[PDB]
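Read the structure below first, then the notes.
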Amino acid sequence: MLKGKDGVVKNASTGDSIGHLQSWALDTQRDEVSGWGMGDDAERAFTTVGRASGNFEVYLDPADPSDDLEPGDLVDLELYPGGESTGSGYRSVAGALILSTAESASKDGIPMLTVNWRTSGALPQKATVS
Amino acid sequence: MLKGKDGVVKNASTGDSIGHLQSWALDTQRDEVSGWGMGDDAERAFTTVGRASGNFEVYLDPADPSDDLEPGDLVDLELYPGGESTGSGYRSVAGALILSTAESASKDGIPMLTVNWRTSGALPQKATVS
Amino acid sequence: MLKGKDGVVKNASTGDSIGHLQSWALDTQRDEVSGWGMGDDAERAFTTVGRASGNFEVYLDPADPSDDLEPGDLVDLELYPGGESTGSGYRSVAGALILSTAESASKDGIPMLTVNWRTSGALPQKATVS
Amino acid sequence: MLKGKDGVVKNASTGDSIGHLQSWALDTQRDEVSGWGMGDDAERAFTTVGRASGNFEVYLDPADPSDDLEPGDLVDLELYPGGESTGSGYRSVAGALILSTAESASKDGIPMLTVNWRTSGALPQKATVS
Amino acid sequence: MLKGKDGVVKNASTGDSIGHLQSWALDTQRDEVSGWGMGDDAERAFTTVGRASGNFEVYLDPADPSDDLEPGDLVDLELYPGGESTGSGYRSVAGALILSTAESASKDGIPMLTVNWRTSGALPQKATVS
Amino acid sequence: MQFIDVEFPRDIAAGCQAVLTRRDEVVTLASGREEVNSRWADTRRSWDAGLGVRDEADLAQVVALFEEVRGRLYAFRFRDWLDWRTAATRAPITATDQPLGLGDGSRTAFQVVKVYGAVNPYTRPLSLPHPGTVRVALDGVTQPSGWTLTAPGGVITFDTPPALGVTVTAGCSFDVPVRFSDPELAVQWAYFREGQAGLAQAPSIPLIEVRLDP
Amino acid sequence: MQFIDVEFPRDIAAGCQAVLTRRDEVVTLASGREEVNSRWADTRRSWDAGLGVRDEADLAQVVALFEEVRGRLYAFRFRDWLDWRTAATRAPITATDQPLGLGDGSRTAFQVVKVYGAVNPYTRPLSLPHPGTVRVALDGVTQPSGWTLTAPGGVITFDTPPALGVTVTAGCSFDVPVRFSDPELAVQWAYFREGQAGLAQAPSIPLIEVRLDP
Amino acid sequence: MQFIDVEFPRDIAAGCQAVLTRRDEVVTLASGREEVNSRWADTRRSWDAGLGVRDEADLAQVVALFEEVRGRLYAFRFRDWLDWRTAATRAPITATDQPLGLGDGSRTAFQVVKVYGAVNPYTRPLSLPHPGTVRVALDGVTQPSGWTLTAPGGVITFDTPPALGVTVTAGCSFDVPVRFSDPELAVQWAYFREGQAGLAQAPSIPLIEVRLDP
Amino acid sequence: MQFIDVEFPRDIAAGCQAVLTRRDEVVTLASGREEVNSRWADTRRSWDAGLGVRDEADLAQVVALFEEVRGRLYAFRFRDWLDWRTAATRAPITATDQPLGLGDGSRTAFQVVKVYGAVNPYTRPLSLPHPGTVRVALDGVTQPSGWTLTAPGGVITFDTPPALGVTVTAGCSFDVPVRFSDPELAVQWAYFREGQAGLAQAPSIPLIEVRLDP
């Protein structure tokens, strides 16, 4: 358990936080192959390829690093779930490729930037900030 | 984080705002291909072509620029999330085809116009109006 | 923006309102084709076919024009979003073909008629009532 | 609009109402085929087959005509949305096939019988009982 | 019924509980094949392969056994729904294969670790710990 | 010949295909000219079985049965659901339902004959009347004893030939003779044991209704 | 020859497909050696039709029309959308848009010619100018009367031949000649009456643009 | 030969797929000893094109180009992006990137060659070097001029032959002669008119990079 | 012969398929009569490659590499993951893992041999031991210097022949010889530039493990 309010999702490559973030998502998915035979009662599963996808939500601003970020940008992310406080688990995403950005708001609504990224064949490293 | 009330969709071609808008939506998506030689831990991903779409909601009116707009119209759009104020980020969309218009209401409900656009052969430019 | 309570959905052929009516829906949809390019960033949009589908909700009554309107009836619709009040934009649907009617009610619920229509190769005309 | 309390599903074949009934549903659907030449603004639509289905909700009881009714029974139905009162529109269904019966309840819940019928090779006639 | 507070997912392999856990899930499924001769009232059904999957929700922490756990790890699990108390039913999972870990949080939200496992080539044994 | 009568299980028969096989066409010039060749004695039926096996043990039973004939030795008894009823699937077959013929005072023997069609009906003699569904009727009264039914023959012989003017009507279930079209049989059984499977639909078992030359 | 001019409805043409047929290749040894065989007068266009019928009554009309020619007697008039516009689908065709040629003082007759390509253009004479889209132009001024257009010929004859130095420019819609590739017609009509259907498209109605031999 | 110079538009070239065919094989016995017999003309590239037309009007321009060639008179130029860069698609193409060879003091002419490999590179002579991307560098310094490129030839001729032991490095875009495999041209145009369209891509057009026989 | 050793990249090999090719059948009459023809020296392995290319630049590299051999000149070096490990994919290969043989006091040279099967094993000599994975062992102790490994030969020669009673055990990664089955190569690269694609997999690049005749 960590707070997450203090958590900083910051660009590894730029070195700075994207903006007024609302949320951060990181999922590492490993696909598996399950095999069974009719003379065998159970299926054995072996994990194959692993890929990482994530979305970070920000408030859209003209003066925003997130605004600078664009779909199709390959950028590394120094995500700190527990923030920059030392010893917090932090994910050093490497070469995440931004897939899409959403900028939708109602008249009442505050403009929001939804940035979705998927990995480029690299795996985020769960290092501890020191 | 803009107010969003300031955000106004203006039809660039008309030179005036479409109407009493309820909401504005812009999404930019770049599609990607991921491929891995078998036995690879992760799949290398490369972004391919990029295309974008957006939807703006308006209140249906006989005297509305949005009413004048029709499905299948390739129309330039000038979303102004920051508004027309100096140093306000705005999205300029060129030749955005209007996919469809929906006019629906309940007796209690005010007539509602829903207009959706997909830019044709172009990517929206996040220009700054100052 | 119009009120819609005053709005009258009336048959263009019979010339009279369908019945007590909860809601009216009109959507004009134009299908489009993407101009995909490999080695090219964006795809142009070409609109090929436009068709109109709509559903009007009525309260089922034995003495109802809506009851008279069976599924499979090709009937023109004079839809007034702002009502018959002069100057209200109105849709002169032509040759709408009724697709289905649902007469469903709970013991508590008043009998309801949901009438859905789709066009027969004609496009509703957004005329203004004089 | 009627009341819905008045509405009663009576099994025509039994000559008596199915039982305490939570709700009654009737839907009449006429499907259509839409075809257009490639150079066509809109697609001409022609209705093909009309078929209807309905579902009535009952409270499960050992002494219920609905309990006696079984899935796979082609049974005539006499929905009476206006009731049996004079000048009440009612739907006479002939040979409606009972697709399935669901008997389910929670400890708190009273046993519930859900019976669904699709008239076979016939369309319900909206006769008036006077 | 037990309490669920008592229920704890303990990694059998590490000999310790994964962490502060929001929830624990175990599902055991035995698939079946049903076949009928064309002139058959009902279809005879025979069970085939049996496989199980489970998901445990934890709060993400740098000092967590769950954090140490990775997708693609074939790790034995010792769910203890009754707890470690005498005469408590518990599920011993053998070689459960972690499929994915979701690390996601909002600024308000505490970082969450969601870990899902599917036992490979084995079915969890519902042993009793006393 | 004597042939063999071996029952095909009805449950296996439940999962069986039906296709009408008819011959005698060979037309002439395609100038709109048509000539009717006559093959003679046609109207056989085509079936594919094994879809009614249900489980491995039953599948074994049919396979053993195919082995019994060692490749369709002589005749094989097949239950035909379509021809089983001389009346309707929902209507009971009766002696009156199918008309065998009229006794002439010398007509001791009548083969069970299924008349299909009306103005120019084709009549099919039935080799095996299913036992116990065979009822003989005479115009005056349903006929009981004194009719000798040859089960292999399909012929019912009145000991005293019916006099002129009494209609012989007999309706019975049809145990049709069948000869398998192909010696090869596909086996879909689904391995059992730990898997504990078994298969309801063995495929590619082909049989042809056979009008045996007597 | 005289041929026949029978219109193909534009709505049916909307359904119709377009393909380009070109010949004259037959190259030499595949050692990288290439020889250009010349078939001569090629560039026909392949089409498949009947997909624009929309409804049964219209389908009947085209079918009757095919019957009228009794198998492509002589020529058949086909509306080609691609060749209809000398200019563009969104741009109006003009006399100036297509250049017929230059009068030499003896050049009374000019066939409407469609020039395709630039450096080495192939010119296609048009058998049938669509009526009313035919406009004649001269370098000095658009030309009105005195040009005799042979609609079957596709030739426009100035009564007084244009003198040297005046460009004849004519742009018109193309009513191309067509001969059906296959006698067989596939009928997809969808039963009407109680069914009340009718079919938008009828498949398998191939036609080939035909360069009629004069 | 001089051939016909018609450029395949890069936009039309957008999206095409290619296959590489080698003509050297002719192996021997199953002993495991195989003999490679080469008849030359190896590694030709076969191309399926017509992709990225976008609209029928644009498609018409490609069709006009096909008409201009008239069954591929001579040869037709095709621009290949893969060979256009001497280095890598992202990387800049430079004179230094491709080394033509070393002068002997008499070597006025250097063919532009793409060396496919390291140990035994298969050299692809460039018949057509795209103009203005040609950069020539002598060992001492980049050469502004005096190298006479023959555009049809693909040969650059130094007026003064480079001295012995002088490296010549030249990098340029690659234009390759292509002859269409099939005379017929498949067309995907998408009908316009009321249902306005214009197909994004035409169907594959077979055009083959051909190493012309000398 | 001398042949050629050219490495096939492991990443491209990652995409590559594996199939087992075995011969020596040709049995006699199908009455259950069986005769074993011996083709001799079989057990080649079939592969299809190019699916591991990942990107355009790498795809170019393999293509250039295929061009380098100009159609499989002599031998080609293929990295086989399956044969790479004398032990297991999860278990390290050791000299002890594979038994070369036993020295007789005159046995200076031992070819690396992979024994497959137990009661009647087939032994495959390996043409190219992967460098640095070659370890020699003797029953008394792992053997270091004095063994001369002929990398092309696959033969390890002890300068002093091992005396009778010492087992020579050597386990090494297998750089198997390969000859491409088909000269034709399918190129799937996905257009780059503005599209910026590139392709992970290229289909149709078959190769056959080749037992070279020495």
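Just so we're on the same page: first chain in the structure tokens is A, next is B, and so on; residues restart at 1 for each chain, and ligands are numbered from 1 in the order they show up.
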
Item to complete: Could you list the residues in chain I lying within 12 Å of chain C, using only C-alpha atoms, and format the result as a PyMOL selection string?
Response: chain I and resi 189-198

Fill in: Nearby residues (only C-alpha atoms) at most 10 Å from residue 119 (chain G), same-chain spacing under 6 positions excluded, as a PyMOL selection string
chain H and resi 4-6+65+68-69

Item to complete: Name all residues at most 10 Å from residue 44 (chain H) (count only C-alpha atoms; drop same-chain ones fewer than 2 positions away) and give them as a ChimeraX atom specification.
Response: /G:32 /H:19-23,41-42,46-47,124,208-211 /I:184

Write the residues of the preceding selection, restricted to N, CA, C and O atoms, as a compact mmCIF listing (two decimals), in the first residue's frame.
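The resulting file, out32.txt, is reproduced below:
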# COMPACT_ATOMS: atom_id res chain seq x y z
N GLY G 32 15.17 -12.15 -69.96
CA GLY G 32 15.25 -10.71 -69.88
C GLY G 32 15.04 -10.14 -71.27
O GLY G 32 15.17 -8.94 -71.48
N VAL H 19 8.03 -9.72 -54.60
CA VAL H 19 8.62 -11.04 -54.38
C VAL H 19 9.96 -11.13 -55.10
O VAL H 19 10.11 -10.59 -56.19
N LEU H 20 10.93 -11.82 -54.51
CA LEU H 20 12.26 -11.92 -55.11
C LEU H 20 12.50 -13.30 -55.68
O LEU H 20 12.39 -14.29 -54.96
N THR H 21 12.85 -13.38 -56.96
CA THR H 21 13.04 -14.69 -57.59
C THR H 21 14.45 -14.90 -58.09
O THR H 21 14.95 -14.12 -58.89
N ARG H 22 15.09 -15.99 -57.67
CA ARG H 22 16.46 -16.27 -58.07
C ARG H 22 16.49 -17.44 -59.05
O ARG H 22 15.77 -18.41 -58.87
N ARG H 23 17.29 -17.33 -60.10
CA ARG H 23 17.30 -18.37 -61.13
C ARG H 23 18.44 -19.40 -61.05
O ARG H 23 18.60 -20.22 -61.95
N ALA H 41 20.34 -13.82 -64.77
CA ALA H 41 19.00 -13.21 -64.62
C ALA H 41 18.38 -13.58 -63.29
O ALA H 41 17.17 -13.78 -63.21
N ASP H 42 19.20 -13.69 -62.26
CA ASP H 42 18.71 -14.02 -60.93
C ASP H 42 18.23 -12.81 -60.15
O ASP H 42 18.49 -11.67 -60.54
N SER H 46 9.42 -9.14 -58.50
CA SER H 46 8.08 -9.11 -59.08
C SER H 46 7.23 -8.23 -58.20
O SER H 46 7.26 -8.36 -56.99
N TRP H 47 6.48 -7.32 -58.81
CA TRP H 47 5.70 -6.37 -58.02
C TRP H 47 4.21 -6.42 -58.25
O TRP H 47 3.76 -6.47 -59.39
N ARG H 124 23.73 -5.11 -58.10
CA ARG H 124 22.62 -4.74 -58.95
C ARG H 124 23.05 -3.46 -59.62
O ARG H 124 23.18 -2.43 -58.96
N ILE H 208 6.88 -6.32 -63.39
CA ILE H 208 8.09 -6.99 -62.94
C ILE H 208 9.34 -6.19 -63.18
O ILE H 208 9.57 -5.72 -64.29
N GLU H 209 10.16 -6.03 -62.14
CA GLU H 209 11.43 -5.37 -62.35
C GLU H 209 12.15 -6.34 -63.25
O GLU H 209 12.26 -7.53 -62.92
N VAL H 210 12.66 -5.86 -64.37
CA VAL H 210 13.28 -6.77 -65.30
C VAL H 210 14.71 -6.36 -65.55
O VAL H 210 14.99 -5.20 -65.83
N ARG H 211 15.64 -7.31 -65.44
CA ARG H 211 17.01 -7.01 -65.76
C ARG H 211 17.02 -7.25 -67.25
O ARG H 211 16.91 -8.39 -67.70
N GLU I 184 13.20 -18.81 -54.83
CA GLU I 184 12.25 -17.72 -54.65
C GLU I 184 12.07 -17.32 -53.20
O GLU I 184 11.91 -18.18 -52.33

Fill in: Check: which chain A residues lie within 9 Å of chain E using only C-alpha atoms, as a PyMOL selection string
chain A and resi 1-7+21-32+34-38+40-48+50+54+57+81-82+87-90+126+128

Worksheet item: Taking the backbone alone, and naming residues the way the document does, which bits of chain D are strand (DSSP E) by DSSP, as a PyMOL selection string?
Response: chain D and resi 8-11+16-17+21-35+44-59+74-80+88-89+91-104+112-119+128-129

Worksheet item: Skipping near chain neighbours, those fewer than 3 positions away, what residues fall within 9 Å of region 90-97 of chain F using only C-alpha atoms, listed as a PyMOL selection string?
Response: chain F and resi 84-87+133-138+142+168-173

Selection export as an mmCIF file, in the first residue's frame, atoms kept: N, CA and C atoms:
data_model
loop_
_atom_site.group_PDB
_atom_site.id
_atom_site.type_symbol
_atom_site.label_atom_id
_atom_site.label_comp_id
_atom_site.auth_asym_id
_atom_site.auth_seq_id
_atom_site.Cartn_x
_atom_site.Cartn_y
_atom_site.Cartn_z
ATOM 1 N N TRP F 84 -41.276 -46.329 -41.720
ATOM 2 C CA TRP F 84 -41.819 -47.098 -40.609
ATOM 3 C C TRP F 84 -43.311 -46.855 -40.491
ATOM 4 N N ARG F 85 -43.727 -45.619 -40.712
ATOM 5 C CA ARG F 85 -45.135 -45.307 -40.590
ATOM 6 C C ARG F 85 -45.823 -45.322 -41.941
ATOM 7 N N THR F 86 -46.820 -46.189 -42.101
ATOM 8 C CA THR F 86 -47.593 -46.211 -43.341
ATOM 9 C C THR F 86 -48.547 -45.033 -43.365
ATOM 10 N N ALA F 87 -48.743 -44.407 -42.211
ATOM 11 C CA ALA F 87 -49.626 -43.258 -42.133
ATOM 12 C C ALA F 87 -48.798 -41.998 -41.997
ATOM 13 N N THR F 133 -46.206 -55.171 -35.957
ATOM 14 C CA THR F 133 -46.894 -54.022 -36.516
ATOM 15 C C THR F 133 -47.677 -54.508 -37.703
ATOM 16 N N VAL F 134 -47.576 -55.801 -37.984
ATOM 17 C CA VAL F 134 -48.243 -56.333 -39.154
ATOM 18 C C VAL F 134 -49.672 -56.664 -38.818
ATOM 19 N N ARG F 135 -50.598 -55.985 -39.476
ATOM 20 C CA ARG F 135 -52.003 -56.261 -39.264
ATOM 21 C C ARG F 135 -52.616 -56.484 -40.627
ATOM 22 N N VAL F 136 -53.436 -57.516 -40.756
ATOM 23 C CA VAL F 136 -54.090 -57.787 -42.025
ATOM 24 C C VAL F 136 -55.533 -57.367 -41.913
ATOM 25 N N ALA F 137 -56.062 -56.768 -42.966
ATOM 26 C CA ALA F 137 -57.459 -56.385 -42.954
ATOM 27 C C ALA F 137 -58.152 -56.846 -44.208
ATOM 28 N N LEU F 138 -59.448 -57.094 -44.105
ATOM 29 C CA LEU F 138 -60.221 -57.488 -45.268
ATOM 30 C C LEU F 138 -61.346 -56.486 -45.305
ATOM 31 N N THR F 142 -61.290 -56.750 -40.210
ATOM 32 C CA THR F 142 -59.851 -56.876 -40.087
ATOM 33 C C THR F 142 -59.575 -58.359 -40.025
ATOM 34 N N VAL F 168 -57.668 -56.333 -49.488
ATOM 35 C CA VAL F 168 -56.687 -56.690 -48.485
ATOM 36 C C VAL F 168 -55.920 -55.428 -48.169
ATOM 37 N N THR F 169 -55.971 -55.008 -46.916
ATOM 38 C CA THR F 169 -55.253 -53.817 -46.521
ATOM 39 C C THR F 169 -54.312 -54.176 -45.391
ATOM 40 N N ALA F 170 -53.022 -53.929 -45.568
ATOM 41 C CA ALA F 170 -52.078 -54.173 -44.482
ATOM 42 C C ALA F 170 -51.101 -53.027 -44.276
ATOM 43 N N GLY F 171 -50.955 -52.561 -43.041
ATOM 44 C CA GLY F 171 -49.987 -51.516 -42.757
ATOM 45 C C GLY F 171 -49.023 -51.979 -41.689
ATOM 46 N N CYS F 172 -47.726 -51.881 -41.956
ATOM 47 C CA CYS F 172 -46.720 -52.335 -41.000
ATOM 48 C C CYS F 172 -45.479 -51.462 -41.011
ATOM 49 N N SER F 173 -44.699 -51.514 -39.939
ATOM 50 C CA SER F 173 -43.453 -50.763 -39.908
ATOM 51 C C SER F 173 -42.454 -51.362 -40.879
#

Could you build a table of the residues in chain H lying no more than 8 Å from chain I, giving for each the nearest pair of atoms and their separation in Å rounded to one decimal place, using only C-alpha atoms, ordered by chain and ascending residue number, as a Markdown table?
| residue | atom | partner | partner_atom | distance |
| --- | --- | --- | --- | --- |
| H:14 | CA | I:191 | CA | 7.2 |
| H:15 | CA | I:191 | CA | 6.2 |
| H:16 | CA | I:191 | CA | 7.9 |
| H:17 | CA | I:188 | CA | 6.7 |
| H:18 | CA | I:187 | CA | 5.7 |
| H:19 | CA | I:186 | CA | 4.7 |
| H:20 | CA | I:185 | CA | 5.1 |
| H:21 | CA | I:184 | CA | 4.3 |
| H:22 | CA | I:183 | CA | 5.0 |
| H:23 | CA | I:183 | CA | 6.8 |
| H:24 | CA | I:71 | CA | 5.7 |
| H:25 | CA | I:71 | CA | 6.5 |
| H:31 | CA | I:213 | CA | 6.4 |
| H:32 | CA | I:213 | CA | 4.6 |
| H:33 | CA | I:213 | CA | 4.9 |
| H:34 | CA | I:74 | CA | 7.8 |
| H:36 | CA | I:73 | CA | 6.8 |
| H:43 | CA | I:67 | CA | 7.8 |
| H:88 | CA | I:57 | CA | 7.1 |
| H:89 | CA | I:193 | CA | 6.9 |
| H:90 | CA | I:193 | CA | 7.5 |
| H:116 | CA | I:64 | CA | 4.8 |
| H:117 | CA | I:64 | CA | 4.7 |
| H:118 | CA | I:68 | CA | 6.7 |
| H:119 | CA | I:68 | CA | 6.3 |
| H:120 | CA | I:68 | CA | 4.7 |
| H:121 | CA | I:68 | CA | 4.9 |
| H:122 | CA | I:67 | CA | 5.6 |

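Computed after superposing chain I on chain H, the C-alpha RMSD over all in-order atom pairs is 1.0 Å.
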
Within 7 Å of residue 86 (chain A) using only C-alpha atoms, minus same-chain residues under 2 positions, as a short mmCIF file (atom, residue, chain, number, x, y, z; two decimals) with C-alpha atoms, in the first residue's frame:
data_model
loop_
_atom_site.label_atom_id
_atom_site.label_comp_id
_atom_site.auth_asym_id
_atom_site.auth_seq_id
_atom_site.Cartn_x
_atom_site.Cartn_y
_atom_site.Cartn_z
CA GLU A 84 9.65 10.45 -5.74
CA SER A 88 8.87 3.71 -3.26
CA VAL A 129 13.68 5.11 -6.40
CA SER A 130 16.84 5.82 -4.43
#

Item to complete: Name all residues at most 7 Å from residue 201 (chain I) (count only C-alpha atoms; drop same-chain ones fewer than 3 positions away) and give them as a ChimeraX atom specification.
Response: /I:50-54,188

Practice prompt. Using backbone DSSP assignments, extract all helix (DSSP H, G or I) residues from chain F; output them as a ChimeraX atom specification.
Written response: /F:10-14,56-69,81-84

Using the selection just defined, write its residues with C-alpha atoms as an mmCIF file, in the first residue's frame.
data_model
loop_
_atom_site.group_PDB
_atom_site.id
_atom_site.type_symbol
_atom_site.label_atom_id
_atom_site.label_comp_id
_atom_site.auth_asym_id
_atom_site.auth_seq_id
_atom_site.Cartn_x
_atom_site.Cartn_y
_atom_site.Cartn_z
ATOM 1 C CA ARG F 10 -32.819 -47.136 -33.540
ATOM 2 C CA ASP F 11 -30.767 -44.735 -31.435
ATOM 3 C CA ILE F 12 -27.927 -44.910 -33.963
ATOM 4 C CA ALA F 13 -30.629 -44.598 -36.610
ATOM 5 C CA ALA F 14 -31.792 -41.397 -34.914
ATOM 6 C CA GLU F 56 -18.034 -44.921 -26.732
ATOM 7 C CA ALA F 57 -19.667 -48.167 -25.607
ATOM 8 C CA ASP F 58 -22.513 -47.777 -28.094
ATOM 9 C CA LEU F 59 -20.048 -46.798 -30.796
ATOM 10 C CA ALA F 60 -18.221 -50.027 -30.081
ATOM 11 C CA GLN F 61 -21.465 -51.934 -30.500
ATOM 12 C CA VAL F 62 -22.130 -50.631 -34.012
ATOM 13 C CA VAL F 63 -18.513 -51.199 -34.983
ATOM 14 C CA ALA F 64 -18.756 -54.762 -33.714
ATOM 15 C CA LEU F 65 -21.979 -55.106 -35.664
ATOM 16 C CA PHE F 66 -20.252 -53.951 -38.859
ATOM 17 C CA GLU F 67 -17.558 -56.505 -38.112
ATOM 18 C CA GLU F 68 -20.250 -59.145 -37.685
ATOM 19 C CA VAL F 69 -21.286 -58.854 -41.305
ATOM 20 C CA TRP F 81 -38.106 -44.025 -39.626
ATOM 21 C CA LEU F 82 -39.622 -42.482 -42.761
ATOM 22 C CA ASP F 83 -41.039 -45.740 -44.067
ATOM 23 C CA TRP F 84 -41.819 -47.098 -40.609
#

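A straight line drawn from CA of residue 115 (chain E) to CA of residue 13 (chain A) is 29.1 Å long.
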